[PDB]
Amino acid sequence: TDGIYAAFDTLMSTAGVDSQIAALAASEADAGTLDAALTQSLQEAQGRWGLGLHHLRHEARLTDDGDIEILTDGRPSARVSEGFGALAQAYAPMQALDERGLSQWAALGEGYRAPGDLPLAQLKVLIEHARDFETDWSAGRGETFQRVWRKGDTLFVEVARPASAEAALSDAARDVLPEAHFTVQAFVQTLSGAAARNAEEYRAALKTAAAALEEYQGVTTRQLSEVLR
């Protein structure tokens, strides 16, 4: 019934996106307002899930049969009514994760990717004077991984810490359902305008993305610590 908007909201919560879609529908929002918000929410969620599909366009839309269709590059690939397990399966063959759980796809697709361990003084040059560019993954502060890319006027700063469903669910027990398919594994901080050509803003964006990542992974750990009697 009206549980389709709730089901989507639930999906979004696995990513720490507070979509508020049921509330939007309840307000009697038109279909186009609903579709724009569904899509904006999904796009945020893709940045958190760590699936590694930045190179694909993500959309979600209302269908006549009361379902929510999820598209990648314009092709439908799943329906929300199908459940969260099916969404995961639809995404899986598009993914290319390495042994660290880090996507191997480039975010800009096809082209030169710079090393992930450039000197900051050289990375600075890309940031200030390059056009589009992209960096391979590298380790970063505190058990995280990080990479950066620019597309247009926007700099995207990705910080990731891959963490299986087991690894969290479990690790919450060291204190003495949807999260089985999706969880917050990464955070992408965006910069634009002058800030996207400022290497010190980049460095601060890493710290911002890392803190927001750990806050988001902290909450999932609490649920699986209180759901533990």
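Residues carry their position along the shown sequence, with the first being 1.
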Subject >> Gap size between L177 and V176, counted in deposited residues that the entry leaves unmodelled >> reply: 10 or more
**OP:** Select between 6-14 and 203-211 the stretch whose C-alpha atoms have the higher average B-factor in the entry.
**Re:** 6-14
**OP:** Using only the Cα atoms and their B-factors as the entry lists them, report which of 74-82 and 144-152 averages higher.
**Re:** 74-82
Original post:
Based on the PDB record, which member of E44, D35, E166, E69 exhibits the highest Cα temperature factor?
Top reply: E166
Original post:
So among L53, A180, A186, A195, who wins on Cα B-factor in the entry?
Top reply: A180
Subject >> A31 - which third its CA temperature factor falls in, relative to the rest of the chain >> reply: middle
**OP:** Grab the CA temperature factor for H129 from the record and place it in the lowest, middle or highest third of its chain.
**Re:** lowest
**OP:** Would you please rank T190 by its C-alpha temperature factor against the other modelled residues of its chain and give the third it falls in: lowest, middle or highest?
**Re:** lowest
**OP:** Give the position of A172 by CA B-factor within its chain, expressed as the lowest, middle or highest third.
**Re:** highest
Subject >> Among modelled residues of the same chain, the CA temperature factor third for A121 >> reply: lowest
